[PDB]
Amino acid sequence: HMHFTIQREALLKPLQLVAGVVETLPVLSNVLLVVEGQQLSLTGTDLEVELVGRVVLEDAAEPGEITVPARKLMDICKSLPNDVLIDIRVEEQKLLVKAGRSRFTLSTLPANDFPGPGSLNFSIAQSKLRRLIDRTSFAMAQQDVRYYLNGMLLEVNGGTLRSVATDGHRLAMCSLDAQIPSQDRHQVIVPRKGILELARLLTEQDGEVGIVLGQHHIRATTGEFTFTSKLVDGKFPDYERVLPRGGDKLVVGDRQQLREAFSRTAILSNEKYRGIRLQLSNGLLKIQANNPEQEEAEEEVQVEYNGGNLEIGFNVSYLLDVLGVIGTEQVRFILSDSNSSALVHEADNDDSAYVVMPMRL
């Protein structure tokens, strides 16, 4: 019975978003299409995350529910001419798609085969929530035995919203005032796949997003989309104890010059370890790398530093990841000795903080 008409572009926007989360059970590879009143809902799931896109239908629509191959329907919609009206109907377990001189018949699976209260509720600018994820996501573990590290901590304390990610070798954290009435500290761990998907969804430059923090789920709503993710059932480590406090050396350098020098020198680093050596002295940072072929790279970078000497080793990729998220022209490194972590911040604020464990030289 299900039948509706929709412009290519109106259908394409939520379809593309929904198909993006779709990846043994045949129904899992399908998009759930629901027509109720003058509203079309599009749902996609991989069992960990669920994405619901909603469209308001302008013309007359007969209600119903059906599942159809998500990738095929998205590809069909994408391939159709711009601004064409698409007519969609269900006829004998098949989805019939008509647009201009084109006709498509898709196989379907029943909607019946298709798969709690919020502890805290708040609204945030999409730009702000995306910033928390994008400034820290590179530091999340991937398939680590410590399962609670294969995702991102989202923490509310006072009126601050904080993101924390770590793989046990390096850490990234970002804090922003959001003015959330919490009274008691709440923590949630979003799985790495779900949090990276959420960041990609927050595109509204001046838009808002309603956040609901549940016991075993997180819900993000923007009016057009409903994103639901399961939570990692564990306690995030006491990261406050991992933050270096010793720091006696303040180095201020050019973000770009440092990133380029670390990257260039790494060309001649050992392919299996990717280690670089830093030799810090008054106003100067010497960057060196060597490989088993006795090839050597050396670069001297002028830095703002007045202190004693320090020789320290690092995995170049950890340094490159941190520098890739620094938004200011200058970067601050806070160091102590050869066996202690580097603490990194942007030039003018402490809202973002990065920790990198050194490598033995």
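Note that residue numbering begins at 1 and tracks the sequence as displayed.
Q: Please count the deposited residues lying between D337 and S338 that the model leaves without coordinates, and give the class: none, 1 to 3, 4 to 9, or 10 or more.
A: The entry leaves nothing out here.
Q: Just how many deposited residues go unmodelled from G207 to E208: none, 1 to 3, 4 to 9, or 10 or more?
A: Missing residues, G207 to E208: none.
Q: With reference to the PDB entry, specify whether the mean Cα temperature factor is higher for 62 to 70 or for 312 to 320.
A: Taking the mean C-alpha B-factor of 62 to 70 and of 312 to 320, the larger value falls to 62 to 70.
Q: On mean C-alpha B-factor from the PDB entry, just flag whether 340 to 348 or 12 to 20 is the higher one.
A: Taking the mean C-alpha B-factor of 340 to 348 and of 12 to 20, the larger value falls to 12 to 20.
Q: Kindly indicate the residue among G116, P81, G275, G168 with the greatest C-alpha B-factor in the PDB record.
A: When the deposited C-alpha B-factors of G116, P81, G275, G168 are compared, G116 is largest.
Q: From the list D248, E197, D254, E91, select the residue with the highest C-alpha B factor recorded in the entry.
A: Comparing C-alpha B-factors across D248, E197, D254, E91, the top value belongs to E91.
Q: Taking the values exactly as deposited, rank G53 by C-alpha B-factor within its chain and report the matching third: lowest, middle or highest.
A: Middle third, going by the recorded CA B-factors of the chain.
Q: Should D184 be placed in the lowest, middle or highest third of its chain by the C-alpha B factor in the entry?
A: According to the entry, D184 has a C-alpha B-factor in the chain's highest third.
Q: Just say lowest, middle or highest third for the CA B-factor of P26 relative to the other modelled residues in its chain.
A: Answer is highest: the recorded C-alpha B-factor places it there.
Q: Select lowest, middle or highest to describe the third in which the CA B-factor of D75 falls within its chain in this entry.
A: Lowest third of the chain for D75's C-alpha B-factor.
Q: Relative to the other modelled residues of the same chain, rank the CA B-factor of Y148 and answer lowest, middle or highest third.
A: Middle third, going by the recorded CA B-factors of the chain.
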